[PDB]
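Right, one structure below, let's go through it.
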Amino acid sequence: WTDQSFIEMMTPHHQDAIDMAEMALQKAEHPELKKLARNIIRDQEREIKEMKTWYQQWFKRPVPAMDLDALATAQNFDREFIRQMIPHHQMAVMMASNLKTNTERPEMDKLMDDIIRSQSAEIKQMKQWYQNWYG
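For the sequence shown, my numbering begins at 103 and goes up steadily by one.
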């Protein structure tokens, strides 16, 4: 990944996670999942805003433009949320780790560190909840 291609892909990747998290505010069963959802929304919205600002600074143009149905209809919202969000988070951590070895920009080094750290911790939490709730 390059700084440009990362932002182009991570922007809608984040938006997908935010959309799923927004549904959780309505439909999550366990209060732990709603709390996670609020954190995802807060952090990933902030990161989209930063990436948008930087993209335009660096490239002098604006940033160019999962299964929500399956989530909405699942018997266990929380199970389906975790099923989809764990691999999604894993992909974000993968993208960030790769960009971190390619970039020279301190804005991006710090953002990658944040993505890797926060999303890895959220994966661990979701894995444990899944065992507790469904194992």
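Where is the CB? At the ideal position from N, CA and C, for every residue including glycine.
query                                                                                                                                                                              : result
Could you tell me if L138 is buried or exposed, where buried requires 16 or more neighbouring beta carbons within 10 angstroms of its beta carbon?                                 : buried
Along the chain, which unbroken stretches of the alpha helix (DSSP H) at least 4 residues long are found entirely within the segment 113 to 196?                                   : 133 to 161, 170 to 175
Could you pull the start and end residues of the alpha helix (DSSP H) that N234 belongs to?                                                                                        : 208 to 236
Using a Cβ-Cβ cutoff of less than 6 Å, which residues in the same chain neighbour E110 once the five nearest sequence positions on both sides are dropped?                         : none
Residues in the same chain with beta-carbon distance under 6 Å from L201, minus the five sequence neighbours each way, listed in chain order, please.                              : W103, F108, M214
Buried or exposed: which applies to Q117, given that a residue is buried once 16 or more other Cβ atoms fall within 10 Å of its Cβ?                                                : exposed
Might you give, ordered along the chain, the residues of its own chain that have their beta carbon closer than 6 Å to the beta carbon of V195, omitting 5 neighbours on each side? : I218, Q221, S222
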